[PDB]
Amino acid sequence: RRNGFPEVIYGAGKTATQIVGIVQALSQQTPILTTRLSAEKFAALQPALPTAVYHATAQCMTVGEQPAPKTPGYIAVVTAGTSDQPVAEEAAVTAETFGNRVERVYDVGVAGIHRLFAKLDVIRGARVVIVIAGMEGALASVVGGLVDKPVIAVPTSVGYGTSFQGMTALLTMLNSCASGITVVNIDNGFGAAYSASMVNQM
């Protein structure tokens, strides 16, 4: 029960009229984070749940007060390209909603690998690292070889052609777990940040 975790509603298939109904049911108990919440659904709820915030790029709403970092360290969220940033903020906002400090390192993909070496120590000073990437997926391989903290890698569905909406990054990423890497499902920013938050709070 009281395991110290917020509440997570799969806001993708649920109706705006329903999300109020689910929030207002658990509104007396416990922060309430909702993931994959369209901009058309937050507008329809804005006055019905007038405390909630909305992170546009992340498609996440939070009703309630995000805690202060309960752990002295931080989580590195590392992005290969700007197109990755929505699923990145889904991770970074759920990690912050679960009580973790988060240091963002966006747009340092391998096609300009000096950008990643520029922040290479910030990454190393995190307790966990989330690596997000599309197309090639190469970035998680690169970081996994270069840091000695747990790395959770999120493939994304960005790009085109034989990206197979994320399949090629997922395969690339799975093929480098021997370097200290685990992988979540495509676009699953929330899901990597939930295991990330657990790792970080130990």
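When you see a residue number, it is the position in the sequence shown, counting from 1.
The modelled chain breaks between residue 30 and residue 31, where 1 to 3 residues of the deposited sequence lack coordinates. Checked against the record, the higher mean CA B factor of 82 to 90 and 125 to 133 lies with 82 to 90. The mean Cα B-factor in the deposited entry runs higher for 152 to 160 than for the other of 138 to 146 and 152 to 160.
In the deposited coordinates, the residue among 181, 192, 23, 186 with the greatest CA B-factor is 23. When the CA B factors of the chain's modelled residues are split into thirds, the value for residue 71 lands in the highest one. Annotation for residue 175: CA B-factor lies in the middle third of the chain's modelled residues. For residue 3, the recorded CA temperature factor ranks within the highest third of the chain's modelled residues.
For residue 51, the recorded CA B-factor ranks within the highest third of the chain. Only modelled residues enter the ranking. Sort the chain's modelled residues by C-alpha temperature factor and residue 168 lands in the lowest third, per the entry.
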